[PDB]
>>> print(open('target.pdb').read())   # PDB, C-alpha atoms
ATOM      1  CA  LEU A 484      74.398  94.746 130.795
ATOM      2  CA  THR A 485      78.139  94.622 130.111
ATOM      3  CA  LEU A 486      77.611  91.517 127.971
ATOM      4  CA  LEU A 487      74.973  93.401 125.973
ATOM      5  CA  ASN A 488      77.429  96.230 125.284
ATOM      6  CA  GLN A 489      79.879  93.728 123.792
ATOM      7  CA  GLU A 490      77.185  92.361 121.473
ATOM      8  CA  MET A 491      76.371  95.863 120.211
ATOM      9  CA  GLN A 492      79.958  96.247 118.993
ATOM     10  CA  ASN A 493      79.859  92.965 117.064
ATOM     11  CA  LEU A 494      76.777  94.055 115.107
ATOM     12  CA  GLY A 495      78.694  97.007 113.684
ATOM     13  CA  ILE A 496      81.669  94.835 112.739
ATOM     14  CA  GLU A 497      79.446  92.246 111.057
ATOM     15  CA  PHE A 498      77.449  94.904 109.200
ATOM     16  CA  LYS A 499      80.572  96.407 107.625
ATOM     17  CA  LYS A 500      81.789  92.964 106.540
ATOM     18  CA  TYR A 501      78.473  92.203 104.827
ATOM     19  CA  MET A 502      78.313  95.598 103.109
ATOM     20  CA  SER A 503      81.935  95.350 101.961
ATOM     21  CA  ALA A 504      81.390  91.842 100.591
ATOM     22  CA  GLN A 505      78.304  92.914  98.635
ATOM     23  CA  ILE A 506      80.056  95.952  97.152
ATOM     24  CA  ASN A 507      83.266  94.011  96.509
ATOM     25  CA  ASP A 508      81.489  91.218  94.616
ATOM     26  CA  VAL A 509      79.979  93.738  92.190
ATOM     27  CA  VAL A 510      83.454  95.120  91.456
ATOM     28  CA  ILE A 511      84.707  91.634  90.579
ATOM     29  CA  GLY A 512      81.530  91.096  88.548
ATOM     30  CA  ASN A 513      80.526  87.993  90.510
ATOM     31  CA  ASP A 514      77.071  89.520  91.052
ATOM     32  CA  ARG A 515      75.286  88.114  88.010
ATOM     33  CA  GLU A 516      72.209  90.344  88.281
ATOM     34  CA  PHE A 517      74.231  93.562  88.044
ATOM     35  CA  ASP A 518      76.158  92.314  85.003
ATOM     36  CA  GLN A 519      72.964  91.538  83.074
ATOM     37  CA  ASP A 520      71.768  95.128  83.456
ATOM     38  CA  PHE A 521      75.151  96.598  82.505
ATOM     39  CA  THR A 522      75.456  94.598  79.280
ATOM     40  CA  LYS A 523      71.839  95.506  78.530
ATOM     41  CA  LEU A 524      72.771  99.163  79.042
ATOM     42  CA  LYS A 525      75.689  98.876  76.615
ATOM     43  CA  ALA A 526      73.593  97.095  73.982
ATOM     44  CA  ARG A 527      70.851  99.732  74.132
ATOM     45  CA  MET A 528      73.330 102.608  73.840
ATOM     46  CA  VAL A 529      75.098 101.126  70.809
ATOM     47  CA  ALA A 530      71.781 100.230  69.173
ATOM     48  CA  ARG A 531      70.523 103.780  69.743
TER      49      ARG A 531
ATOM     50  CA  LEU B 532      99.412  72.449 100.266
ATOM     51  CA  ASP B 533      98.790  70.421  97.103
ATOM     52  CA  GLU B 534      95.019  70.894  97.276
ATOM     53  CA  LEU B 535      95.284  74.607  98.075
ATOM     54  CA  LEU B 536      97.535  75.489  95.130
ATOM     55  CA  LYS B 537      95.707  73.225  92.665
ATOM     56  CA  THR B 538      92.399  74.992  93.394
ATOM     57  CA  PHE B 539      94.046  78.430  93.358
ATOM     58  CA  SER B 540      92.240  80.986  91.194
ATOM     59  CA  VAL B 541      93.594  84.350  90.075
ATOM     60  CA  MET B 542      90.248  86.109  90.533
ATOM     61  CA  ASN B 543      90.077  85.368  94.268
ATOM     62  CA  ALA B 544      93.535  86.881  94.772
ATOM     63  CA  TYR B 545      92.420  89.947  92.811
ATOM     64  CA  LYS B 546      89.284  90.156  94.963
ATOM     65  CA  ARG B 547      91.385  90.197  98.139
ATOM     66  CA  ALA B 548      93.634  92.920  96.710
ATOM     67  CA  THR B 549      90.739  95.332  96.186
ATOM     68  CA  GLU B 550      89.546  94.920  99.782
ATOM     69  CA  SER B 551      93.034  95.837 101.021
ATOM     70  CA  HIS B 552      92.575  99.325  99.486
ATOM     71  CA  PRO B 553      89.173 100.746 100.509
ATOM     72  CA  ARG B 554      89.990 104.052  98.757
ATOM     73  CA  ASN B 555      90.406 102.454  95.313
ATOM     74  CA  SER B 556      88.363 100.170  93.062
ATOM     75  CA  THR B 557      91.184  98.890  90.816
ATOM     76  CA  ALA B 558      94.534  97.114  91.122
ATOM     77  CA  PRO B 559      97.974  97.778  89.591
ATOM     78  CA  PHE B 560      97.724  94.406  87.742
ATOM     79  CA  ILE B 561     100.616  93.041  89.856
ATOM     80  CA  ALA B 562      99.229  92.819  93.417
ATOM     81  CA  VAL B 563      97.744  89.378  92.673
ATOM     82  CA  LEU B 564     101.200  87.870  93.215
ATOM     83  CA  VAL B 565     101.545  89.608  96.587
ATOM     84  CA  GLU B 566      98.061  88.628  97.762
ATOM     85  CA  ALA B 567      98.699  85.046  96.644
ATOM     86  CA  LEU B 568     101.739  84.797  98.921
ATOM     87  CA  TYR B 569      99.904  86.300 101.900
ATOM     88  CA  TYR B 570      96.771  84.253 101.207
ATOM     89  CA  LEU B 571      98.784  81.074 100.626
ATOM     90  CA  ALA B 572     100.893  81.558 103.758
ATOM     91  CA  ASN B 573      98.105  82.744 106.066
ATOM     92  CA  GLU B 574      95.852  79.816 105.137
ATOM     93  CA  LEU B 575      98.767  77.416 105.622
ATOM     94  CA  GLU B 576      99.491  78.938 109.038
ATOM     95  CA  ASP B 577      95.884  78.488 110.173
ATOM     96  CA  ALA B 578      96.012  74.758 109.425
ATOM     97  CA  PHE B 579      99.163  74.416 111.537
TER      98      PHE B 579
ATOM     99  CA  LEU C 532     103.640 115.929  91.598
ATOM    100  CA  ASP C 533     107.273 116.920  91.021
ATOM    101  CA  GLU C 534     107.923 117.532  94.718
ATOM    102  CA  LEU C 535     106.152 114.342  95.803
ATOM    103  CA  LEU C 536     108.115 112.002  93.525
ATOM    104  CA  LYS C 537     111.456 113.749  94.105
ATOM    105  CA  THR C 538     111.138 113.242  97.880
ATOM    106  CA  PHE C 539     109.874 109.670  97.453
ATOM    107  CA  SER C 540     111.681 107.122  99.625
ATOM    108  CA  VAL C 541     111.520 103.348  99.276
ATOM    109  CA  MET C 542     111.467 102.771 103.041
ATOM    110  CA  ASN C 543     108.215 104.691 103.550
ATOM    111  CA  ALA C 544     106.495 102.571 100.895
ATOM    112  CA  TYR C 545     107.809  99.442 102.620
ATOM    113  CA  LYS C 546     106.524 100.766 105.952
ATOM    114  CA  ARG C 547     103.027 101.200 104.508
ATOM    115  CA  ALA C 548     103.099  97.674 103.067
ATOM    116  CA  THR C 549     103.682  96.069 106.468
ATOM    117  CA  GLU C 550     100.727  97.913 108.014
ATOM    118  CA  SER C 551      98.469  96.563 105.255
ATOM    119  CA  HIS C 552      99.115  93.017 106.573
ATOM    120  CA  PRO C 553      98.634  92.944 110.366
ATOM    121  CA  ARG C 554      99.213  89.158 110.402
ATOM    122  CA  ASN C 555     102.738  89.395 108.952
ATOM    123  CA  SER C 556     105.938  91.286 109.760
ATOM    124  CA  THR C 557     107.666  90.987 106.359
ATOM    125  CA  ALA C 558     107.009  91.824 102.708
ATOM    126  CA  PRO C 559     107.414  89.827  99.474
ATOM    127  CA  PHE C 560     110.074  92.365  98.319
ATOM    128  CA  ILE C 561     107.736  93.528  95.514
ATOM    129  CA  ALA C 562     104.812  95.239  97.297
ATOM    130  CA  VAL C 563     106.765  98.520  97.447
ATOM    131  CA  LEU C 564     105.793  99.161  93.822
ATOM    132  CA  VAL C 565     102.109  98.574  94.596
ATOM    133  CA  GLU C 566     102.129 100.757  97.712
ATOM    134  CA  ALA C 567     103.942 103.489  95.779
ATOM    135  CA  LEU C 568     101.125 103.651  93.222
ATOM    136  CA  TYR C 569      98.411 103.721  95.891
ATOM    137  CA  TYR C 570     100.364 106.183  98.039
ATOM    138  CA  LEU C 571     101.230 108.360  95.039
ATOM    139  CA  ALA C 572      97.658 108.375  93.722
ATOM    140  CA  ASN C 573      95.888 108.769  97.073
ATOM    141  CA  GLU C 574      98.071 111.725  98.077
ATOM    142  CA  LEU C 575      97.516 113.301  94.657
ATOM    143  CA  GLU C 576      93.753 112.825  95.014
ATOM    144  CA  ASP C 577      93.705 114.545  98.412
ATOM    145  CA  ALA C 578      95.335 117.664  96.964
ATOM    146  CA  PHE C 579      92.671 117.828  94.248
TER     147      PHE C 579
ATOM    148  CA  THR D 629      72.360 109.347  91.299
ATOM    149  CA  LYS D 630      73.387 113.012  91.109
ATOM    150  CA  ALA D 631      77.071 112.209  90.582
ATOM    151  CA  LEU D 632      76.506 109.668  87.802
ATOM    152  CA  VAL D 633      74.239 112.036  85.863
ATOM    153  CA  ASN D 634      76.927 114.725  86.020
ATOM    154  CA  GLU D 635      79.530 112.186  84.880
ATOM    155  CA  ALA D 636      77.525 111.351  81.755
ATOM    156  CA  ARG D 637      76.756 114.956  80.804
ATOM    157  CA  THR D 638      80.328 116.092  81.476
ATOM    158  CA  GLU D 639      81.553 113.282  79.194
ATOM    159  CA  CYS D 640      78.959 113.358  76.398
ATOM    160  CA  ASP D 641      79.387 117.112  75.892
ATOM    161  CA  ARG D 642      82.887 116.523  74.502
ATOM    162  CA  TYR D 643      81.382 114.661  71.533
ATOM    163  CA  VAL D 644      80.285 117.967  69.981
ATOM    164  CA  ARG D 645      83.920 118.938  69.411
ATOM    165  CA  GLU D 646      84.866 117.979  65.866
ATOM    166  CA  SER D 647      87.393 115.154  65.646
ATOM    167  CA  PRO D 648      90.245 115.182  63.103
ATOM    168  CA  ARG D 649      88.352 112.557  61.094
ATOM    169  CA  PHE D 650      85.514 115.077  60.731
ATOM    170  CA  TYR D 651      87.662 117.039  58.244
ATOM    171  CA  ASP D 652      88.315 113.989  56.027
ATOM    172  CA  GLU D 653      88.077 115.460  52.531
ATOM    173  CA  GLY D 654      88.039 112.077  50.798
ATOM    174  CA  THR D 655      84.865 110.932  52.538
ATOM    175  CA  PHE D 656      83.194 114.325  52.047
ATOM    176  CA  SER D 657      84.259 117.750  50.779
ATOM    177  CA  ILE D 658      82.610 120.842  52.243
ATOM    178  CA  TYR D 659      82.855 122.669  48.897
ATOM    179  CA  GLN D 660      80.215 120.445  47.271
ATOM    180  CA  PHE D 661      77.749 123.187  48.234
ATOM    181  CA  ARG D 662      79.261 125.223  45.392
ATOM    182  CA  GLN D 663      77.961 122.601  42.963
ATOM    183  CA  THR D 664      74.464 123.082  44.394
ATOM    184  CA  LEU D 665      75.043 126.850  44.754
ATOM    185  CA  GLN D 666      77.004 127.821  41.603
ATOM    186  CA  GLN D 667      73.919 128.674  39.545
ATOM    187  CA  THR D 668      72.291 125.377  40.527
ATOM    188  CA  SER D 669      69.907 126.293  43.393
ATOM    189  CA  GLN D 670      68.132 129.470  42.286
ATOM    190  CA  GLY D 671      65.465 129.129  45.008
ATOM    191  CA  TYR D 672      65.984 129.481  48.764
ATOM    192  CA  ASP D 673      64.448 126.070  49.429
ATOM    193  CA  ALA D 674      67.438 124.034  50.696
ATOM    194  CA  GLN D 675      66.183 121.083  48.636
ATOM    195  CA  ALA D 676      69.182 120.182  46.458
ATOM    196  CA  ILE D 677      71.212 119.666  49.649
ATOM    197  CA  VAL D 678      69.277 116.431  50.228
ATOM    198  CA  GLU D 679      71.311 114.737  47.486
ATOM    199  CA  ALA D 680      74.403 114.839  49.732
ATOM    200  CA  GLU D 681      72.724 113.070  52.670
ATOM    201  CA  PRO D 682      74.352 109.642  52.063
ATOM    202  CA  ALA D 683      77.876 111.086  52.097
ATOM    203  CA  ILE D 684      77.558 113.057  55.343
ATOM    204  CA  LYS D 685      76.040 110.064  57.150
ATOM    205  CA  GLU D 686      79.264 108.142  56.522
ATOM    206  CA  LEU D 687      81.331 111.091  57.767
ATOM    207  CA  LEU D 688      79.359 111.234  61.018
ATOM    208  CA  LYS D 689      79.714 107.469  61.489
ATOM    209  CA  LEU D 690      83.502 107.640  61.162
ATOM    210  CA  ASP D 691      83.680 110.596  63.554
ATOM    211  CA  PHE D 692      81.133 109.303  66.083
ATOM    212  CA  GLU D 693      81.830 105.561  65.902
ATOM    213  CA  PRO D 694      84.836 106.298  68.158
ATOM    214  CA  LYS D 695      84.429 108.380  71.319
ATOM    215  CA  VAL D 696      81.442 106.126  72.119
ATOM    216  CA  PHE D 697      82.797 102.578  72.006
ATOM    217  CA  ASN D 698      85.846 103.921  73.838
ATOM    218  CA  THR D 699      83.657 105.636  76.439
ATOM    219  CA  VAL D 700      81.204 102.864  77.326
ATOM    220  CA  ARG D 701      83.660  99.976  76.939
ATOM    221  CA  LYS D 702      86.595 101.612  78.775
ATOM    222  CA  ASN D 703      85.653 104.422  81.176
ATOM    223  CA  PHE D 704      81.955 104.169  82.080
ATOM    224  CA  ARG D 705      82.383 100.854  83.912
ATOM    225  CA  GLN D 706      85.188 102.251  86.075
ATOM    226  CA  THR D 707      83.201 105.325  87.125
ATOM    227  CA  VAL D 708      80.175 103.333  88.308
ATOM    228  CA  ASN D 709      82.231 100.882  90.368
ATOM    229  CA  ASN D 710      84.358 103.545  92.065
ATOM    230  CA  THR D 711      81.412 105.867  92.730
ATOM    231  CA  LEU D 712      79.366 103.176  94.480
ATOM    232  CA  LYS D 713      82.239 102.024  96.696
ATOM    233  CA  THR D 714      83.333 105.482  97.844
ATOM    234  CA  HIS D 715      79.807 106.645  98.722
ATOM    235  CA  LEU D 716      78.674 103.481 100.527
ATOM    236  CA  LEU D 717      81.637 102.534 102.727
ATOM    237  CA  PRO D 718      81.824 105.844 104.665
ATOM    238  CA  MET D 719      78.039 105.727 105.051
ATOM    239  CA  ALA D 720      78.282 102.239 106.554
ATOM    240  CA  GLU D 721      80.980 103.375 108.986
ATOM    241  CA  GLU D 722      78.768 106.292 110.034
ATOM    242  CA  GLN D 723      75.851 103.908 110.575
ATOM    243  CA  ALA D 724      78.018 101.649 112.740
TER     244      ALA D 724
ATOM    245  CA  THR E 629      80.706 120.528  95.183
ATOM    246  CA  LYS E 630      79.609 116.888  95.454
ATOM    247  CA  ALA E 631      79.782 116.299  91.696
ATOM    248  CA  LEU E 632      83.258 117.788  91.245
ATOM    249  CA  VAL E 633      84.706 115.718  94.095
ATOM    250  CA  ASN E 634      83.324 112.556  92.487
ATOM    251  CA  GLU E 635      84.769 113.634  89.131
ATOM    252  CA  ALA E 636      88.270 113.929  90.596
ATOM    253  CA  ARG E 637      88.179 110.633  92.500
ATOM    254  CA  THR E 638      86.653 108.759  89.557
ATOM    255  CA  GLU E 639      89.468 110.111  87.354
ATOM    256  CA  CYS E 640      92.470 109.888  89.696
ATOM    257  CA  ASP E 641      91.733 106.245  90.546
ATOM    258  CA  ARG E 642      92.682 105.228  86.995
ATOM    259  CA  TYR E 643      96.272 106.339  87.651
ATOM    260  CA  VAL E 644      96.889 103.205  89.735
ATOM    261  CA  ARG E 645      96.568 101.038  86.624
ATOM    262  CA  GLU E 646     100.048 100.399  85.255
ATOM    263  CA  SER E 647     100.729 102.066  81.914
ATOM    264  CA  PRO E 648     102.672 100.308  79.132
ATOM    265  CA  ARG E 649     105.652 102.540  79.934
ATOM    266  CA  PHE E 650     105.660 101.041  83.440
ATOM    267  CA  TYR E 651     107.068  97.795  81.979
ATOM    268  CA  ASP E 652     109.982  99.557  80.234
ATOM    269  CA  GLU E 653     112.855  97.135  80.806
ATOM    270  CA  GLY E 654     115.522  99.568  79.617
ATOM    271  CA  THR E 655     114.725 102.149  82.288
ATOM    272  CA  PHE E 656     114.407  99.473  84.988
ATOM    273  CA  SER E 657     114.389  95.671  85.094
ATOM    274  CA  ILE E 658     112.321  93.919  87.755
ATOM    275  CA  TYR E 659     114.869  91.084  87.999
ATOM    276  CA  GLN E 660     117.482  93.318  89.655
ATOM    277  CA  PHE E 661     116.119  91.959  92.944
ATOM    278  CA  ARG E 662     117.936  88.721  92.091
ATOM    279  CA  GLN E 663     121.220  90.627  92.318
ATOM    280  CA  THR E 664     120.264  91.753  95.829
ATOM    281  CA  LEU E 665     118.687  88.346  96.580
ATOM    282  CA  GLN E 666     121.048  85.814  94.930
ATOM    283  CA  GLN E 667     123.196  85.298  98.028
ATOM    284  CA  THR E 668     123.531  89.063  98.482
ATOM    285  CA  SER E 669     120.925  89.948 101.158
ATOM    286  CA  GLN E 670     121.267  87.289 103.856
ATOM    287  CA  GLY E 671     119.223  89.330 106.364
ATOM    288  CA  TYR E 672     115.506  90.133 106.158
ATOM    289  CA  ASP E 673     116.160  93.861 106.473
ATOM    290  CA  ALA E 674     115.130  95.190 103.028
ATOM    291  CA  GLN E 675     118.162  97.500 103.117
ATOM    292  CA  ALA E 676     120.023  96.647  99.899
TER     293      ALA E 676
ATOM    294  CA  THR F 629     100.550  75.359 123.723
ATOM    295  CA  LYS F 630     101.524  79.042 123.620
ATOM    296  CA  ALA F 631     105.140  78.314 122.676
ATOM    297  CA  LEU F 632     104.309  75.913 119.839
ATOM    298  CA  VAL F 633     101.835  78.348 118.270
ATOM    299  CA  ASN F 634     104.505  81.060 118.289
ATOM    300  CA  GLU F 635     106.994  78.617 116.756
ATOM    301  CA  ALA F 636     104.682  77.918 113.814
ATOM    302  CA  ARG F 637     103.793  81.558 113.140
ATOM    303  CA  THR F 638     107.407  82.703 113.497
ATOM    304  CA  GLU F 639     108.410  80.030 110.957
ATOM    305  CA  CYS F 640     105.539  80.217 108.452
ATOM    306  CA  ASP F 641     105.884  83.997 108.102
ATOM    307  CA  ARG F 642     109.227  83.525 106.329
ATOM    308  CA  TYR F 643     107.435  81.800 103.438
ATOM    309  CA  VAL F 644     106.159  85.167 102.183
ATOM    310  CA  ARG F 645     109.708  86.212 101.295
ATOM    311  CA  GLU F 646     110.288  85.450  97.623
ATOM    312  CA  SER F 647     112.800  82.672  96.998
ATOM    313  CA  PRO F 648     115.373  82.868  94.178
ATOM    314  CA  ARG F 649     113.301  80.326  92.240
ATOM    315  CA  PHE F 650     110.422  82.825  92.304
ATOM    316  CA  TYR F 651     112.287  84.941  89.715
ATOM    317  CA  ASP F 652     112.729  82.017  87.286
ATOM    318  CA  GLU F 653     112.119  83.663  83.916
ATOM    319  CA  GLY F 654     111.928  80.374  82.020
ATOM    320  CA  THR F 655     108.959  79.099  84.017
ATOM    321  CA  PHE F 656     107.220  82.492  83.878
ATOM    322  CA  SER F 657     108.123  85.991  82.689
ATOM    323  CA  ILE F 658     106.613  88.982  84.476
ATOM    324  CA  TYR F 659     106.496  90.982  81.223
ATOM    325  CA  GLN F 660     103.718  88.811  79.764
ATOM    326  CA  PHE F 661     101.345  91.467  81.118
ATOM    327  CA  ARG F 662     102.539  93.666  78.246
ATOM    328  CA  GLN F 663     101.014  91.157  75.829
ATOM    329  CA  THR F 664      97.681  91.519  77.638
ATOM    330  CA  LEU F 665      98.264  95.270  78.134
ATOM    331  CA  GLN F 666      99.882  96.428  74.853
ATOM    332  CA  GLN F 667      96.594  97.346  73.172
ATOM    333  CA  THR F 668      95.101  93.982  74.141
ATOM    334  CA  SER F 669      93.020  94.718  77.282
ATOM    335  CA  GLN F 670      91.116  97.925  76.533
ATOM    336  CA  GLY F 671      88.749  97.411  79.494
ATOM    337  CA  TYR F 672      89.652  97.575  83.189
ATOM    338  CA  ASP F 673      88.219  94.115  83.828
ATOM    339  CA  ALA F 674      91.338  92.055  84.673
ATOM    340  CA  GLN F 675      89.899  89.199  82.599
ATOM    341  CA  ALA F 676      92.662  88.449  80.080
TER     342      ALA F 676
END
>>> encode(input="target.pdb", output="structure tokens")
Amino acid sequence: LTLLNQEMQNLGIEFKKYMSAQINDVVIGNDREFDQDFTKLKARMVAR
Amino acid sequence: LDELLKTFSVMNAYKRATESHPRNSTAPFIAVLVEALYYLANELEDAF
Amino acid sequence: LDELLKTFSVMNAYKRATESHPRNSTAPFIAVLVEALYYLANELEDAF
Amino acid sequence: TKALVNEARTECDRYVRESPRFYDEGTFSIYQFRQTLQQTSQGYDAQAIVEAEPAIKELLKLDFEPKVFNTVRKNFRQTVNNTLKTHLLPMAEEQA
Amino acid sequence: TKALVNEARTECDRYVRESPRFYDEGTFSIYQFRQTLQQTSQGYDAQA
Amino acid sequence: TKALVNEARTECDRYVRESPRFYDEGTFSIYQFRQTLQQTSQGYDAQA
């Protein structure tokens, strides 16, 4: 039981790391999928 | 040391800087130098 | 703004810099500028 | 989604305000209506005004070509990145 | 209330970016640290 | 093992402190950011 409680804590720590990494990559622009949409957005707006 | 500095990239240092400030999504344009020193030293320490 | 910058002290900015790096007990001698911007902006944001 | 929509509306509304370039006499003079009105348009049809369409289009382009490239290329990217980070991280901490 | 808070944060965050005036050498030169570092601060105290 | 680990960390941490050579203007000038910032980087992308 005490071992289980320790594992519960790690899940929270790991979850924050994964979420931060995903959000952080978008800021740097490493996420290629997000960039494609953004440039598409800019092109449409200028064309409009 | 030689391998680490030869493969050094400015973007990775910038990426680390943003994580250090969860309340902001930009950098002063100078923190890359600071993060490089900490990143360079901390990685070197781990090898030791 | 006027009160915050007039009471600004270099030591407090240095103190914040050290906390940002739990694996080190010194600073590159330049991070005070970076911490000042983050500290100055974050405090200003809270007032808003 | 609510915040971003407000950001766009609160920023696009400023475009209505006339820029200094809008009053550029060389590109277009507002008194040209006198030419169409000084015993030239005897009927209330607003038809002779069509002749001035090419000139005003240039004036709008000069006024509106800025305030749009500046917006999308400079500020819009920053707002999206900051908004996503500030709303997600506290949510993740709450979930933990 | 939610929208206005986002407006302030999304606008105050840009202040961190260094303005061209920030690099005004006449008002302050970043190399003054050499004066305090070129055999002038022999202790890692960050006092000078 | 404990003592040696402390010896390495207590010695590698000093590397973060900037050496006098770090401020060598000839090899690199910190004001080059003005060239990329004086109406040269209109987007907050940190790409130039």
>>> resolve_selection(input="target.pdb", expression="the PyMOL selection byres ((chain B) within 12 of (chain A))", output="list in words")
residues 541, 542, 543, 544, 545, 546, 547, 548, 549, 550, 551, 552, 553, 555, 556, 557 and 558 of chain B
>>> interface_residues(input="target.pdb", of="chain B", to="chain F", cutoff="10 Å", atoms="only C-alpha atoms", output="ChimeraX atom specification")
/B:541-542,545,557-558,560-561,565-573,575-577,579
>>> residues_around(input="target.pdb", residues="segment 524-531 of chain A", least_positions_apart="4", cutoff="9 Å", atoms="only C-alpha atoms", output="MDAnalysis selection string")
(chainID A and resid 519:520) or (chainID D and resid 696:697 700:701)
>>> resolve_selection(input="target.pdb", expression="the ChimeraX specification (/E :<7) & /F", output="list in words")
residues 648, 651, 659, 662, 665 and 666 of chain F
>>> resolve_selection(input="target.pdb", expression="the PyMOL selection byres ((chain B and resi 534-536) around 10)", output="PyMOL selection string")
chain B and resi 532-533+537-540+567+571+574-575
